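In: Here is the input, now give the coordinates:
(11 chains, ligands or ions: 5)
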Amino acid sequence: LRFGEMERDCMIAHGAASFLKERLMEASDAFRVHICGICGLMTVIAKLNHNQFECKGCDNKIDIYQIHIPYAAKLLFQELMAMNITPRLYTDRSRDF
Amino acid sequence: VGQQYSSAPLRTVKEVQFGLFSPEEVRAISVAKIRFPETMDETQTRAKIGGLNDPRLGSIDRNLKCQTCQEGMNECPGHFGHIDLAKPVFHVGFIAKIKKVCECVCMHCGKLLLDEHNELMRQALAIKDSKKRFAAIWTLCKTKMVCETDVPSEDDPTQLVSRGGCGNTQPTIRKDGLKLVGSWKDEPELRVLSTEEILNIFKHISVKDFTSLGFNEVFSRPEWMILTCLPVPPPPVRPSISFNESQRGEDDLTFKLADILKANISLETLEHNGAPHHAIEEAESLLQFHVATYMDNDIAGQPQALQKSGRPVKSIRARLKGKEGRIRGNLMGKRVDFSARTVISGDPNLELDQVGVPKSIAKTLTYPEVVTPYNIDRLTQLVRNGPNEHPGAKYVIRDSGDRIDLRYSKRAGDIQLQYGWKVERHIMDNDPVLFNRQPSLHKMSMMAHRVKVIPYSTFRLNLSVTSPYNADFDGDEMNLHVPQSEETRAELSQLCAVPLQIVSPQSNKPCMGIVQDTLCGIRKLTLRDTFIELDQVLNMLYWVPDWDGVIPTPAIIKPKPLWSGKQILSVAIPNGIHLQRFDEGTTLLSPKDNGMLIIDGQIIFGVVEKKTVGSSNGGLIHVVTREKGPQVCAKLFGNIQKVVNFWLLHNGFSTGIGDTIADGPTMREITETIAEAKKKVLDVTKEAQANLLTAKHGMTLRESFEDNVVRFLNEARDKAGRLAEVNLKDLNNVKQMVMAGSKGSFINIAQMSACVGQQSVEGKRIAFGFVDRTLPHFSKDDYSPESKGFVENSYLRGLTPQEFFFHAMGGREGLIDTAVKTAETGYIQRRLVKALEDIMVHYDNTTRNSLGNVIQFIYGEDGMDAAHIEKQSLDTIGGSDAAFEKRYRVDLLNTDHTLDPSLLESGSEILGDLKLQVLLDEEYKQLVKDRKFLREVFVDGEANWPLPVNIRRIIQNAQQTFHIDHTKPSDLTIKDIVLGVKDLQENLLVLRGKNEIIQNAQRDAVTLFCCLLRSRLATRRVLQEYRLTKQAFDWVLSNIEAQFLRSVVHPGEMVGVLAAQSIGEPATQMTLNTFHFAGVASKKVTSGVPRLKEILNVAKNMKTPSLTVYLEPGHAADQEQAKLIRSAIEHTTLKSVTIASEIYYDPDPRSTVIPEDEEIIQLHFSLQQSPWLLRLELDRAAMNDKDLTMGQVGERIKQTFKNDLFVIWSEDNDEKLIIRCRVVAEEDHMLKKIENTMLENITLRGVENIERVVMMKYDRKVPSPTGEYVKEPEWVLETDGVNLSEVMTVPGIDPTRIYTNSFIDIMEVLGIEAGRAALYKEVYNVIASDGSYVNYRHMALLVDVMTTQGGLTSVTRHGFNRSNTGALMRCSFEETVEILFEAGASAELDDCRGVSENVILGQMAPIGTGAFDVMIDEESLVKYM
Amino acid sequence: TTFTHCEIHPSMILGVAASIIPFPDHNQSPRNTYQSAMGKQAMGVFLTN
Amino acid sequence: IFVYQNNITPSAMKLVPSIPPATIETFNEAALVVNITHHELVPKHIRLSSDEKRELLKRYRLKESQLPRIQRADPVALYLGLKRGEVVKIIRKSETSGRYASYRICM
Amino acid sequence: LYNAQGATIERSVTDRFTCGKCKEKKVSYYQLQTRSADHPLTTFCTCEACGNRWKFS
Amino acid sequence: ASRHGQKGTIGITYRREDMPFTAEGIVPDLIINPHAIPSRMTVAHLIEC
Amino acid sequence: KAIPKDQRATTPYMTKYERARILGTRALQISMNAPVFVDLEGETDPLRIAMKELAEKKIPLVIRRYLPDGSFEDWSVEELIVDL
Amino acid sequence: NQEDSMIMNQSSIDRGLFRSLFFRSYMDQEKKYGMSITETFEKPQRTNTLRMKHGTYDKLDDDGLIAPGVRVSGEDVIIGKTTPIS
DNA sequence: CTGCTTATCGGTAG
DNA sequence: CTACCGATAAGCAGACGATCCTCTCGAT
RNA sequence: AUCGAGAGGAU
Ligand SMILES: [Mg+2]
Ligand SMILES: [Zn+2]
Ligand SMILES: [Zn+2]
Ligand SMILES: [Zn+2]
Ligand SMILES: [Zn+2]
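Out: Numbering: from 1, shown residues only, chains lettered A, B, ... in the order given. Ligands and ions are numbered 1, 2, ... in the order given. Sharing the structure here:
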């Protein structure tokens, strides 16, 4: 059954945050992607057995992170790339505030 | 989750930098070179061709093959490819900015059109927002059309400093299709701008000339707004639909890339071949289409872009656009696992928090419990029982990485469990489950429960949890979600649980109660007339599961030992409970069993019903929750239920047509009273027909006939009701339900047994939809009740056709504003919901949004949880100076004002103590400062207000806890009290700062609560009114602090969402377009929903813009004085008083042709122009409503056209007033130019826009001389139209109390801080018309978000959705891909503290539970062994 | 009394569904509306074949 | 502080910001008849010394912009005559706790 | 003068009503409307003494 | 649902024994709640019966 | 930025959200075969064991409360007053 | 029987109150090709292409259909039909 | 049941 | 006594439209 | 199963 917006908006209200991550991951999309630390993108080729990564273009092989995002999110991030829009993914904040 | 461990580190997402794709980074990223527009078929061979999909991306066949990457299918995402373009392209949605940037730049040299040498440009270039900067820049660069060689310097206007190069003229750019057309200026040079040249100019714009516009040197270059190389989404982004082998059906986007690549090829087929020069670009506009249609399609250009079969085709955009879309329907609201749904049934044998789950659904859902020696003994026998009997499981997952499916698997019977494996077991008794009914717009709409597995295919719940979910059992269905982590399920029973959710936060009162059978029985059971005997009583006693195992001594012994109902129901009410009511005629010895007194979980007198046991604020449920706890209170429900049901189950209760048949005399006496009620109508129908009716201030004789008539039949029906009402005995089931609150209001009695009544449409009785009649069955002009739809019969008697039909009409009217209504109600609901969101109370008790902006400095102006609040009386603002002193004044120096020693043990040696009086004067000095102060807060004098910690009870408990007696003296000192109370006003912390600014704002949050305190905890009160002891007085103080501390709001609380719903919930209850003023036209005002739709949209033009003007303090009750100010505000035009404007040919301007004027000229001569006279007749009547005289009128016209229109006028004593004016080569045509000016452009006396000014007598309650709050009525004018800027400046009015329902104006004139107030008051009365009450906090919060920014940010697309929030938050609402585009177009950065961002990223959003970290202390673990 | 036409019988202003309701003129106006939206969700013998 | 009666030439009004450090204010006669701050609704705004301001931020841990803002030409703001960066300690009456303070930095 | 004064809100009051504000027996209402019949039907009163508004169902 | 939009679902089944019989000896096939009158105002239902 | 154990403002009372997560991540470890610092008087449910671990106040976890400028205050369940 | 729900005598339910039959109908065709390559009803069994369903096929006769007498329950097969496609 | 772009007027500048 | 910048008024455009749930039919 | 619509349940 759909966990609509209104249902999400009831959980936010209650304050139960972890549960909302559960209604969004382990019981739904729950995918796992590799991003290159430098040009935060969905490009890293992952040869999972030989433990080699690399990132042609932003030459890497070293600085590579692993994310736990919903599949649909991946789809959106890709669809946007297919529209020449680059959605970056960085695993550390430089800004502060 | 995602199969197979990966070496790379696990890290969450913190930032998201939006940008654009540079062709150079497109070619470095791609792995497939894409050049061919086919699919597979290397000539039919089952594979794929190295041209389109598969060129090195993702496969289909179930082949590891993905450039050695293996993985495949569900592990490898998608690899991108690129496609070289022969000619540059416009990005569909970047059209506007591409035009805007060209308009902002000059060609040939590529530079900003305006340097800093231009000063107006500096202010624009100073703006620290890439959005608004480029906004003010474009408004300046839209004028320029020349590349300026030399420009005025910073010194003198004869010398110029040089900057840019050659100055060619620049074109005016318009949009058409997907290209840009321009016109160089000497007759236009008309030519189209090529994508090839635009990029040549966009490459050549300086590195600093980027950033000045909203662009980035790195992430977003204006040259990458033009597509040179197009990236290509893999299969997962446009996946096929495979039917075995030799059957393929592919996605739409796939066809797009074919059509694009097929066009791009036909292009390069003309370049390297014999091209027809300018026949090429014919097919170049095709490549501009396909690449522009592959992204967006609902554009301005009409070509819809079909695929054969008439298929609009989903361009990437539509995939994301709200609802069903990728963002809203697929990211914010996913479909979920571990969920269920069936028909709900009520079950009066389960506890409140419980929910009967069908055995089947418990066999289907699972919970993954990790094996431990704590549960091995159980979890193993579960696995053994398999997934068929109830207590069992359906999976066992070893720590290796593979499941064991118990429904198969040769080793279901074998199986050794191990310490650390996850058994996936059935849902079991007493697990936590989130239970929910849609449409969900409450915290209550979602609550945790305790699964109690039962047979039969229904979900079962407790009657008394029906109103929060809003359920009946007529077929409703409900959703259930099952948590999966011990940490997650905890996050339910500690927040979402049902009992925890009893004190509704939105209306500061308990939302669940006792209803129907249990509530209608508890009345029948209570009446002293109800008695129970030995045998039955014992059953009832056993029925309560908390019964002390001791049967209470019978209220009656005498001949036969009988018990009373009250006596045993009190077995359900725990120990230590106190409840005082007193209804109307309630006297400690109620002669009617009114009200209620409960001491020590015992009924003493008073029948229990709704007021006591219902969701009422001052009731039994409220108390027990604050007094005993949520756990102890939920159990209370079950007790009252289990017992009352049991009795009722045996007593019986029914209803028949006999419960709606009144007396013989009573019925005739009704029909007689409707008889005199008809002749009362007839007479005031002849009155109106003989033209004898008075007009009423309420306008129109015909309108005042309707007013009169409705109010005669409505008056008649109602007193026809009170007849049958009373004729009904006490042994009348319908009347019995009316009393117990269980259902049925009195009108239901009235209509059924007495008289249906008058039906209405829009507000007035039925109309003449049949040309001077209602049904063809009546003659024309039958304006009497039965013709105009007054149903005289009672439902029991049965309507007649005309009645039946006219009743059907009045019935439909609702169904309609339940259809037109719900649509726009949910969209105002969702808007608020999305507008507030991220606003949460932080740990410094501030109130901030995701940005980090303060919104309230202390949540709801005091820092208190809304659930912990009650309507307690402020006794200090009420009463008279006479009563005040007779009450709060203790004078130890006065023989007649001292605490009688018969009170205090230490009172007789206190009479006179000068020292004690100095700390007994300071109690008064402050109690008076409290009064003076409060009367300036609540000017109404209203004393009852929402405040934490009910004291009446907290004191009444001390009254019966320590059994204090009013006979023997107290053991407190006066130093005990004054120095005690005071030492409490230093312990009631909210904020906790170390320094000045915090502790001086802290005093403020408490200020109000304390007045309540000094109000009750004063001397002459504590000793004389309640008799407290040193012990009990210390206990009360010890309590009050605590229960005030528990009343404080917790940092984490997501007030945003909470406050939103609380307004969108009753906004859903609101009746659309009712209009209780339709019928009395010309005095209509907007009400209900559309009125709110106005406010939430910061609406400029409004339907009813009234603005209320109060009078100057003194001259406020003077009638005539009121009609003098009236006549000075109302916009009175020459057009208002004019009757007829005539034009005469009067040739000799020395004697008038008209003999009714002869007397006029004699005077205006006694004391060369033109013959075309212009006569004007003014009405004496209108000319004296707005105090004017002929001279004043004439002097005004003569100074409009001034000394070139010969004007004259009569006096104020002639049978007819006249203004004759003449003019001074077609002069009959210039005498009409001026005919219109003498009307719609000439003011006499009044402010413009202020048409109609009505006077009304208001009631005002005011501090009387004697001190009491007394009814002093003033005169006040209302109005139609707004001109606050000027009406205020008028003399005679109070320019300090002027008000307008146009809050938006009261911003522009009185300053934003007043606008806020006005905005709130304007919201309140909209929600207060419905009869709905919302706690100040929820509204004030919405009100604040609309102001803080600076102006009046609307709660629509245009408003809050343009602000500086993260990209992904603003894109979850309305304008989606339209914001995403601009997001990357201006290199934006998403902070990711917003609820929506982390929800989109599927991570734990910093919200309540997640508003912090919890780390393991190394130096507190070492101590624990 | 200038009558031109008489009505065959008031009860005919009802439609099919509505006509099955007993004593509809004894029922609250909108009630009948509801009943005329369920009788077409019932289980009868819709035809003999 | 200059008080005009109907309106000044758009040229003369731009001989106003062009002499530091002395600012110049214009005012309409009609806009000064009644004192707005006397109105029932308008709380008394107070200007904070850049000391009390630099002291305020610290105690509420703010980054300036995070503060609620007042329009630069807000009637009350021009009554006090405010500048870009200055702050007002708007102290309003409250129906949930006697008094309630609030702050507004100038836009 | 009769023209200057405005509409007078006249509505038949019932003695079959309990009020919170002034607890008086002077309350008028207006049938309607939300969802008529099943479930039930709203019933919005008023106090012309006090101003409060509540609702039934 | 009866013929007056008075709907609702079986919330439990009792047998002839546990049902309330009349002196006659009869027992009902259906037992609806007295609260399904005042609120809705279906008087035809009472009369139909 | 690290506010020290002194100069402490934020409520000394353990907020529902904090507690509801403390019990959580504790009922978590308990289920993961971890050691228990309280006598389990015939108990089998982790959440029901952490609740006994709470009134005896023997949980080794520090809550890190953030204010909206970065800086934070570190609080142990040992220090926090569990009222409710 | 509270809030829109009612008690219904089980004994009368037994004796046959409000009993109702339920008739659902499943339908299918054999689809030809412009080059004579029709489908086929039958009781299938593995063999090279393999793709099937999980239910008990053994309730079918051979023609491809069940006999009216029989008794379907779970996810059983009610119509056996195959597509020969290269 | 309204925000942003365009034209037409009334004033001030060489 | 004409040249041209600036204010204002008036004319035409866009993007929203309850939550969830079950059925049936038709098509590259 | 993807896609378009129609019929119906809950406020
Ligand atoms: Mg329902
Ligand atoms: Zn990279
Ligand atoms: Zn791959
Ligand atoms: Zn140039
Ligand atoms: Zn009242």
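
In: only C-alpha atoms for contact and neighbour calcs from this point on.
Out: Noted.

In: Chain G contacts on chain C?
Out: Counting by C-alpha under 8 Å from any C-alpha of the partner chain, chain C comes close to chain G at no residue.

In: Tell me which residue of chain C lies closest to chain B.
Out: residue C:26 (4.6 Å; C-alpha to the nearest C-alpha).

In: Just give the number of residues close to that residue.
Out: Residues lying near residue C:26 (other C-alpha atoms under 10 Å in any protein chain shown) number 25.

In: now swap in the one 5 residues further on and tell me
Out: For residue C:31, the count of nearby residues is 23 (other C-alpha under 10 Å).

In: May I ask which helix or strand encompasses it?
Out: Per DSSP states H and E, residue C:31 falls inside helix C:29-35.

In: Next, see if the lengthiest helix in chain D gets close to chain B.
Out: When chain D is parsed with DSSP state H, its longest helix is helix D:50-60. Yes: against chain B, helix D:50-60 shows contacts by C-alpha under 8 Å from any C-alpha at D:56, D:59.

In: The helix or strand just after that helix and chain B in contact?
Out: Moving toward the C-terminus from helix D:50-60, the next helix or strand (DSSP H and E) is strand D:69-70. Yes: Strand D:69-70 comes into contact with chain B (C-alpha under 8 Å from any C-alpha), by way of D:69, D:70.

In: Just checking: what are the partner strands of strand D:69-70?
Out: Strand pairing for strand D:69-70, determined by DSSP bridges: strand D:99-106 (parallel).

In: which residue lies farthest from the center of chain D?
Out: When distances are taken from the C-alpha mean of chain D, residue D:96 lies farthest, 26.6 Å away, according to C-alpha atoms, centre = their mean.

In: Setting the sequence-adjacent residues aside, check what's closest to residue B:1023.
Out: With sequence-adjacent residues excluded and distances taken as C-alpha to C-alpha, 6 or more residues apart in numbering or on different chains, residue B:1023 is closest to residue B:903, at 6.9 Å.

In: Tell me how far the nearest residue to residue B:390 once chain neighbours are set aside lies from chain E.
Out: Among residues not flanking residue B:390 along the chain, residue B:363 sits closest, at 6.1 Å (C-alpha to C-alpha, 6+ apart). Distance of residue B:363 to chain E, computed by C-alpha to the nearest C-alpha, to the nearest Å: 34 Å.

In: swap in residue B:1273?
Out: 14 Å.

In: wait, isn't that residue in contact with residue B:1262?
Out: No: the criterion here is C-alpha atoms under 8 Å, and residue B:1273 misses it with residue B:1262 at 9.2 Å.

In: ranges for the strands of chain E?
Out: Counting by DSSP state E, one finds strands in chain E at the ranges E:30-31, E:43-44.

In: With mean neighbour count and distance to ligand 5 added, can I get the ones you listed in JSON lines?
Out: Below are these laid out as JSON lines (neighbours: other C-alpha atoms under 10 Å in any protein chain shown; distance: least, C-alpha to the ion, whole Å):
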{"stretch": "strand E:30-31", "mean neighbour count": "12", "distance to ligand 5": "15"}
{"stretch": "strand E:43-44", "mean neighbour count": "18", "distance to ligand 5": "13"}
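
In: so where do the helices sit in chain D?
Out: Using DSSP H, the helices of chain D run over residues D:50-60, D:75-79.

In: wait, which of these is closest to RNA strand K?
Out: The closest of the helices of chain D to RNA strand K is helix D:50-60. By C-alpha to the nearest atom of the strand, the value is 43.6 Å.

In: Which single residue of chain E approaches chain G most closely?
Out: Residue nearest to chain G within chain E (C-alpha to the nearest C-alpha): residue E:20, separated by 32.5 Å.

In: and that residue, how far is that from residue A:54?
Out: Residue E:20 sits 74 Å away from residue A:54, taking C-alpha to C-alpha, to the nearest Å as the criterion.

In: These two: who's more crowded?
Out: residue A:54 (18 against 11).

In: now the strands for chain F?
Out: Remark: strands assigned in chain F by DSSP E are F:9-12, F:30-31.

In: how about a markdown table for these, with distance to residue B:807 added?
Out: Formatted as a markdown table, the strands of chain F follow (distance: least, C-alpha to C-alpha, whole Å):
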| stretch | distance to residue B:807 |
| --- | --- |
| strand F:9-12 | 30 |
| strand F:30-31 | 31 |
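
In: Single out the most deeply packed of the ones you listed.
Out: Comparing the strands of chain F by mean neighbour count (mean count of other C-alpha atoms under 10 Å in any protein chain shown), strand F:9-12 comes out on top with a mean of 19.

In: who are the neighbours in contact with whichever residue of chain F sits closest to ligand 4?
Out: Across chain F, no residue is closer to ligand 4 than residue F:5, which sits at 78.9 Å (C-alpha to the ion). Neighbouring residues of residue F:5 by C-alpha atoms under 8 Å, 6 or more residues apart in numbering or on different chains: C:31, C:32, C:34, C:35, C:38, E:38.

In: which bits of chain F sit near chain H?
Out: Residues of chain F lying near chain H (C-alpha under 8 Å from any C-alpha): F:6-16, F:19, F:28-33, F:35-36.

In: Number of residues surrounding the residue nearest to residue B:390?
Out: Applying other C-alpha under 10 Å, we find 21 residues neighbouring residue B:363.

In: Please verify my assumption that it contacts residue B:386.
Out: No: using C-alpha under 8 Å as the test, residue B:363 is too far from residue B:386 to be in contact (10.1 Å).

In: separation between residue A:77 and DNA strand J?
Out: 20 Å (C-alpha to the nearest atom of the strand, to the nearest Å).

In: correct me, but that residue touches residue A:89?
Out: No: with contact defined as C-alpha under 8 Å, residue A:77 does not reach residue A:89; the gap is 9.8 Å.

In: Just want to know which of the two has more residues nearby.
Out: Each of residue A:77 and residue A:89 has its neighbours counted (other C-alpha under 10 Å); residue A:89 has more, 24 against 19.

In: for the closest residue to that one other than its chain neighbours, what are its contacts?
Out: Excluding the flanking residues, the one nearest residue A:89 by C-alpha to C-alpha, 6+ apart is residue A:40, at 4.6 Å. For residue A:40, the contacting residues are A:87, A:88, A:89, A:90, by C-alpha under 8 Å, 6+ apart.

In: measure residue A:40 to residue A:30 for me?
Out: In terms of C-alpha to C-alpha, residue A:40 sits 20 Å off from residue A:30.

In: how close does the residue of chain C closest to chain B sit to residue B:727?
Out: Separation of residue C:26 from residue B:727 (C-alpha to C-alpha): 21 Å.

In: Surely residue B:665 is in a helix?
Out: Yes: Residue B:665: assigned to a helix according to DSSP: H, G, I helix; E, B strand; the rest coil.

In: List the residues that contact it.
Out: Residue B:665 makes contact with no residue, according to C-alpha under 8 Å, 6+ apart.

In: could you redo the last one with a cut-off of 10 Å?
Out: By C-alpha atoms under 10 Å, 6 or more residues apart in numbering or on different chains, the residues touching residue B:665 are B:671, B:727.

In: Which part of chain D gets nearest to chain G, residue-wise?
Out: Using C-alpha to the nearest C-alpha, the single residue of chain D nearest to chain G is residue D:61, 6.2 Å away.

In: Now for that residue, how many residues are close by?
Out: 16.

In: Just the element for residue B:579, please.
Out: strand B:578-580.

In: what's that strand in contact with?
Out: Contacts with strand B:578-580, where a contact means C-alpha under 10 Å, 6+ apart, come from B:595-603, B:612, B:618-620, B:623-624, B:627, B:952-954, B:956-957, B:959-961.

In: First-to-last residue distance for stretch B:236-245?
Out: 19 Å.

In: any idea how far the residue sitting nearest the centre point of chain A is from residue H:22?
Out: By C-alpha atoms, centre = their mean, chain A has its centre lying nearest to residue A:69, at 3.9 Å. From residue A:69 over to residue H:22 the distance is 47 Å, taken as C-alpha to C-alpha.

In: Residue B:1354 now?
Out: Residue B:1354 is 56 Å from residue H:22, where distance means C-alpha to C-alpha.

In: More neighbours: which of these two?
Out: The residue with more neighbours, out of residue B:1354 and residue H:22, is residue B:1354; 19 against 4, by other C-alpha under 10 Å.
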